[PDB]
Asks: 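The structure's right below; bear with me while I get my questions together.
Basis for what follows: all heavy atoms, side chains included, without hydrogens, waters or symmetry-related copies. Chain A is the first sequence line, chain B the second, and so forth, proteins listed ahead of strands; every chain is numbered from 1.
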Amino acid sequence: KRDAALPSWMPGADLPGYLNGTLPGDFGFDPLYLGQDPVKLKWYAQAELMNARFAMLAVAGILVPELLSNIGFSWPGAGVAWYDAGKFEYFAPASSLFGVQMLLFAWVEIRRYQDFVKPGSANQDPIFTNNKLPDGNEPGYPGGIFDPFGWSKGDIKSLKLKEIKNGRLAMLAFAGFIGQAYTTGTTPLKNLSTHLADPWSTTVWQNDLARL
Amino acid sequence: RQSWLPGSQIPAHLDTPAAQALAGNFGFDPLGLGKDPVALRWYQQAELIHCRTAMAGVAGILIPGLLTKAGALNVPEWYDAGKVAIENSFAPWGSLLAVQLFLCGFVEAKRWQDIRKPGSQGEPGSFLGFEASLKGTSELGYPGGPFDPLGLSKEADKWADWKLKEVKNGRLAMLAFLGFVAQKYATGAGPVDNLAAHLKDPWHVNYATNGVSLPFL
Amino acid sequence: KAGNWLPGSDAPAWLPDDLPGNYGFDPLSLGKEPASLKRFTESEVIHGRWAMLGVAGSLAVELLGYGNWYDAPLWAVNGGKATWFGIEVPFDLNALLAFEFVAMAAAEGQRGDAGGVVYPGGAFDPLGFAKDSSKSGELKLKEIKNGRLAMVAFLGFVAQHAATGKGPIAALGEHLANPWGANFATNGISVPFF
Amino acid sequence: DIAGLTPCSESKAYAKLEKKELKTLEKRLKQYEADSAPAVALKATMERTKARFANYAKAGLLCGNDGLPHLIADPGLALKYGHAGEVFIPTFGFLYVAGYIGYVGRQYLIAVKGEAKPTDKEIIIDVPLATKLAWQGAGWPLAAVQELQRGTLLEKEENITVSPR
Ligand code: CHL
Ligand code: CLA
Ligand code: CLA
Ligand SMILES: CC(/C=C/C=C(C)/C=C/[C@@]12O[C@]1(C)C[C@@H](O)CC2(C)C)=C\C=C\C=C(C)\C=C\C=C(C)\C=C\[C@@]12O[C@]1(C)C[C@@H](O)CC2(C)C
Ligand SMILES: CC(/C=C/C=C(C)/C=C/[C@@]12O[C@]1(C)C[C@@H](O)CC2(C)C)=C\C=C\C=C(C)\C=C\C=C(C)\C=C\[C@@]12O[C@]1(C)C[C@@H](O)CC2(C)C
């Protein structure tokens, strides 16, 4: 029932009606019909943004620090694998940092949830009542102070599509870090260098067959 | 009309609108235990309490078991934890159980009287002003109120879906515990250790070769 | 209405606007029935007043250097003589329980037959601060907010002592010394791991 | 031990009894060949005799002065000293089967009373119905109790014929 004008993950394939192009990155991909129920699909829409946005930060936070180290840039945290940052010693114990993390995140996340439950109800500064977000914001897209440079005032639809495409690719990359790190046992950029050294004999088929 | 066995004749008592209002109704009642409408109302409560108790208990055997293997905790096997805890304990198991029966008996007794007279625990003056919140909801076995702090039962659209998830995970949890008991006698190891053994060599480490389940073979 | 506990949320209908300390906080709807709410309104004030005296007494003991709130009654079990500001008191545990029980029963008994009076006044208001109707409205709000804060504070003393095994003032000094080294996360009990 | 009895594993008379039975079997054995049919049968009997005496001792039974196992019937004494398997557990084993048989028969008898000719359904069994009721009887204790509480288990006194009095 989905129209044929919209982009399709599989050209010439029938696609669900409930994926009608409203959401960004709507390519009609749902072989398991997870998002069939509108109430559930409403939740999954925000979950994708949240998992995507954190994934984009996480991937950026796992490649750039390693990229700088190879270039030779020197800082005390240089040369630490992304999966060894936890063991590293900081100014405060890991437990104390974790406790502060949850208290800070509890405020912002409940603030974000309140808007999702009732959009527009969490757009006012509790202390300095003069401050406020624009009233037209939708769940997942606060705007206002969260968009200081006004990029959202342009072609918003294209920007939403660009965000979700980069976000979906970032989420796949992070799963690659866990799979690659758990198998190869080395940092991600090291795996890329190995592949570029000998692309033909360094496939996952070669690597995994050797192990077993 | 989903059924446990396609092509079979669903029992008539399970096809009534009252019966189909029950979560997880797949027409499974070969022995006809629910033919009497009054009995089915009682057995539905028994399943919910078994479901919820089993889920809490299984979570208490499984999640500590995995974390123990991962090295984040040090908890003995579920079939040994009773002996280990009682040692470094402030009371003997006789005193500990006697208190458990008073507290559980008192709480269970109030739940019992609500099955006999739904909403009867909201009798004015019966409790110290707290009886107002003990009336339960319009559905037996779903008390709500103080038992639903986050108010997830106030969304009508999601109500039927939530109840189905509870019964499905509850039935799965009930079978899990029966597996823990059977696998302790059969294999003499922990639940997570049994899973590790199966995954290592699935085709040689299973119940067909444990030397207990199939005595003839 | 004093305010809103959860900005962007609706206030419960059953909570009157003029009830002091009304932030529309009743997630469980425990006060939905008017009979239940009347009893709870009195009990909150009574708990608050007791907590405020309790917190003040707990801090006064340790600030003046006579010990902490926790180990004050140890002399009874250990075997010793009571003290108050350092001066010996002749009574013993048996004598204290008898007199406390009689005095509290008589005083609490009189209040019980009142019927639920939370703000008696008169004999209990010698300075007559709350005589004026307009002024009493804001004083009642001030009383409950300080009382609610005291109730939470005392819960902090008990919970913190169980985790750290130290008095309130001792813990406060410890946190100031090493804020990132001494806290609930670092006591080894509040957070299961680490 | 209990009532002056002693565990069979520790009983002198019990041990002597095993030798007597094996000696009797051995005496008959030596009049045959090594691997003849009679000899093999006798050896099989001796193996079962040795197994039987080991099993009863392993079961922790009590032997009297006669050196023969005695059973404990009091539930308190049985559960106190781990003799629940002699009489106590088999008690509830039998009642389940006995109630199963009786409940299944009662269900069938009620089923055919509604038919046009109940008498012809009793000499000539309705096998399809009987098999259906045979399987559903596994839950008789649950069904039996629910009938009792709903008051449909017993007939009314006014619907039962009685003689003049
Ligand atoms: C996105 C979330 C997230 C993910 C995927 C990871 C993933 C990881 N963390 Mg990290 N963490 C994450 C969030 C956080 N971590 C930490 C704090 C830590 C610490 C302190 C440690 C890790 C470690 C680990 C690794 C666990 C496997 C291992 O080697 O175990 C084997 C574990 C060890 C060899 C460590 C033994 C000593 C350790 C002091 C024992 C106590 C460890 C804690 C129970 C870890 C709890 C982590 C939880 C909260 C995520 C793994 C790479 C460990 C690591 O880097 O190992 C190389 C580690 O020690 N994380 C914090 C608090 C700020 C987080 C907050 O969100
Ligand atoms: C973001 C996607 C992404 C990318 C660019 C890479 C890149 C690489 N991976 Mg990784 N990987 C990914 C995701 C990705 N991986 C995921 C999701 C997993 C978990 C299953 C793994 C698990 C994994 C293992 C176990 C191994 C690699 C290895 C490799 C190397 C290529 C040889 C190989 O066997 O590939 C196998 C990888 C795949 C078949 C990826 C399939 C899934 C992705 C999402 C497909 C995307 C296709 C799409 C057209 C986009 C292409 C990339 C884009 C930038 C143009 C190379 C460094 C090998 C290595 O390190 O060799 C030295 C290796 O051993 N990867
Ligand atoms: C058929 C009748 C009958 C008879 C004559 C007995 C006889 C006996 N029983 Mg048994 N018993 C029976 C039926 C019977 N029981 C039944 C139906 C049950 C329930 C399934 C039990 C459960 C039971 C328990 C749990 C115990 C006994 C015990 C006893 C002994 C002493 C107490 C007693 O019961 O006094 C005469 C019997 C009666 C008046 C009939 C009712 C008996 C009740 C049910 C049990 C009384 C236990 C008693 C309070 C234990 C106190 C400690 C003891 C050491 C003095 C005695 C040999 C005790 C034992 O092992 O002593 C060595 C013991 O602990 N019986
Ligand atoms: C309650 C339950 C388990 C509870 C477990 C608990 C509290 C465990 C607690 C602890 O472990 C911890 C956490 C930690 C340990 O250190 C200590 C203990 C104390 C050990 C299981 C129920 C388990 C219940 C089970 C398995 C029930 C199965 C029922 C079946 C299959 C019925 C089938 C049918 O009846 C129908 C539905 C219809 C009919 O027509 C046909 C038939 C076929 C008759
Ligand atoms: C924390 C507390 C109560 C907290 C209640 C909460 C959060 C309730 C929350 C909600 O219900 C609402 C509102 C609305 C619902 O919809 C939702 C929930 C969530 C259910 C009370 C403390 C109450 C605390 C009290 C009364 C403390 C009294 C202390 C005294 C008297 C101490 C005396 C001494 O300390 C001295 C002075 C010296 C020592 O030596 C000796 C001793 C004896 C120890």
Asks: Could you tell me whether B:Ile63 atom CD1 has more than 12 heavy atoms of other residues or ligands within 6.0 Å of it?
Replies: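 Counting neighbours around CD1 of B:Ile63, 12 or fewer heavy atoms of other residues, nucleotides or ligands fall under 6.0 Å, so no.
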Asks: When you look at CZ of B:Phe26, are more than 12 heavy atoms from neighbouring residues, nucleotides or ligands closer to it than 6.0 Å?
Replies: yes
Asks: Are more than 12 heavy atoms from other residues, nucleotides or ligands located less than 6.0 Å from atom CZ of B:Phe147?
Replies: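 Result for CZ/B:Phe147: open.
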Asks: Ignoring hydrogens, what is the shortest heavy-atom contact between C:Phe40 and B:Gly129? Give both atom names and the distance.
Replies: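 Scanning both residues completely, I find the closest heavy atoms to be CZ-O, 3.6 Å.
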Asks: Is the NZ atom of B:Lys110 crowded by more than 12 outside heavy atoms at less than 6.0 Å?
Replies: yes
Asks: For the residue pair C:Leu28 and B:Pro149, establish whether any side-chain heavy-atom pair is separated by less than 4.5 Å.
Replies: yes
Asks: Any idea which heavy atoms bring B:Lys154 and C:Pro27 closest together, and the distance?
Replies: NZ-O, 4.2 Å
Asks: So which residue, B:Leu67, B:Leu128, B:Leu73, ends up with the most heavy-atom pairs under 4.5 Å with chain C?
Replies: B:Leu128
Asks: Any side-chain to backbone donor/acceptor pair from C:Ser36 onto B:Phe130? Under 3.5 Å, distance only.
Replies: no
Asks: Atom CD of C:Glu33 and atom OG of B:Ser133: how far apart are they, to the nearest 0.5 Å?
Replies: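 Spacing of CD (C:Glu33) from OG (B:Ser133) equals 10.0 Å.
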Asks: Using a cut-off of 6.0 Å, state whether more than 12 heavy atoms not belonging to C:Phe129 lie near its atom CZ.
Replies: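 No - once you tally the heavy atoms of other residues, nucleotides and ligands closer than 6.0 Å, there are 12 at most.
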